[PDB]
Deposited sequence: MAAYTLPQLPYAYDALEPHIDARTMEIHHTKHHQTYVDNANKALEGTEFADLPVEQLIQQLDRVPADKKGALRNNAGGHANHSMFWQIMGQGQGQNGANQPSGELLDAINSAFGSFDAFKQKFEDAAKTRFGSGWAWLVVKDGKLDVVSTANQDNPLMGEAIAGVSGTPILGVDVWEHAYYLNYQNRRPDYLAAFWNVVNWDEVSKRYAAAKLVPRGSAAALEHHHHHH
């Protein structure tokens, strides 16, 4: 079918203690796997099966109406997670961006420290399941969030927000409950340790 589960760029325990191996394993091999399987089933009937996922989710307006929900959720699931594994890494940096990106950040947010707050807040104040994102939007950076597996690539009409994600954090409870339980903020603070800013800079460039 269209989609398969990407292999991770690192081992299930590469991100310890920030994220636990068990969680990485379940998250990847079950949660992501299902988004993939279920998207594949949706794409069954359709003209859309050979599209790149990140293209597919920009065309939910074009797909069969009675598939739209299923694809939004599961194609969304797949796109969101495929990104997430790639913007994390072992042994990064204290870790921060530099270059064109650090400059972008400074202009849009004031500083990296300021950006980190604005990001953590979008993430904290996201109620129920969702994601928080750093997007490029008209060449300028902004921070935003989405419900469930919604992505800014799906446009304002569908996701409530818009822009191109270059960084995202899963704040579905499955992403952090085993290690941090209710302590979402503890999870968010640990996150910064494992961001791969090389990859995020990589995408700043593209998205420009």
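Missing from the model, relative to the deposited sequence, are the stretches 1, 95-97, 213-229.
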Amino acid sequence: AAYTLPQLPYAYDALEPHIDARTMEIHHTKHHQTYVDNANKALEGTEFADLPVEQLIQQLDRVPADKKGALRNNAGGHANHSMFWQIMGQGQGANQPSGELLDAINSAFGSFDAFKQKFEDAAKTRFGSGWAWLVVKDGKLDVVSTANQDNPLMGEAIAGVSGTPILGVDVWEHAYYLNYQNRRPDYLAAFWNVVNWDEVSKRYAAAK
From here on, numbers count along this sequence of modelled residues.
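Across the other entries compared, at least a third leave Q92 without coordinates even though the residues on each side are present.
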